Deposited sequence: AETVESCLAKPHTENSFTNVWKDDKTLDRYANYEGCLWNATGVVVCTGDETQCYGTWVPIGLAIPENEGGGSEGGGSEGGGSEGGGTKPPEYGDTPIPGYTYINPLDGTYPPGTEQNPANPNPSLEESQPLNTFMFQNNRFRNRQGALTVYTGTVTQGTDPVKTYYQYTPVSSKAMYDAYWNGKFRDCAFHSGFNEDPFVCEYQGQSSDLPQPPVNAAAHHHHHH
């Protein structure tokens, strides 16, 4: 395939396996038919983030990276994109500070929701967006927390769905795994990307 041929493929609504997520933007990707695809909004994924069902758009050539599989629908959850811009910070609607913050070490008060790490500071939600560096000799490494811009994430919070995990002190360890992991929804099988050749070269 070429970049042009990939971009010409039709968008496809189906389950893809071997899904990966960009640690900074939280975007989900997968390889299929020699092309790289990006999931667009409304996503249903398994508990782990191995498979996701939704509207996939071809964005370029497949990139190197990457049990069994049946024909029966499997359990999953409707996944929320924490940074989708539906409730942007620094606005009248969402007055939270729009600037990301830095932590020298992973904070003690974080909670895990749909495989993302979050912090709650009196109703202001932030999400872990990977590490960043500052300076040279020595290079300082920081854990970056970015203000959440997802209305659906805040709706869940305001509906009291994170009572067991968003108000917790922390310490000795890492994140509190929330009991709520989203609305249940099944993924059709098998993934269209099942075949091993979609994941090679």
property: Coordinate gaps, deposited numbering; result: 1, 68-89, 225
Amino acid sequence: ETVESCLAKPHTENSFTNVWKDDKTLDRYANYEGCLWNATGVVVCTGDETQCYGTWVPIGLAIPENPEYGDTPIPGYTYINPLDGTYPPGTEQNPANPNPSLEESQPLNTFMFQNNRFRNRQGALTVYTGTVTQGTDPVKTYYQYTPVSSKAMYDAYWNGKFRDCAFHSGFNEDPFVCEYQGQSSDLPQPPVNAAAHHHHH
From here on, numbers count along this sequence of modelled residues.
{"property": "Of 85-93 and 67-75, the one with larger mean CA B-factor", "result": "67-75"}
{"property": "Stretch with the higher entry mean CA B-factor, where the candidates are 166-174 and 130-138", "result": "166-174"}
{"property": "Third assignment of residue 99 from its chain's C-alpha B-factors", "result": "middle"}
{"property": "Third of the chain, ranked by Cα B-factor, where residue 50 sits", "result": "highest"}
{"property": "B-factor third for the C-alpha atom of residue 42 within its chain", "result": "highest"}
{"property": "Residue 105 - which third its CA temperature factor falls in, relative to the rest of the chain", "result": "highest"}
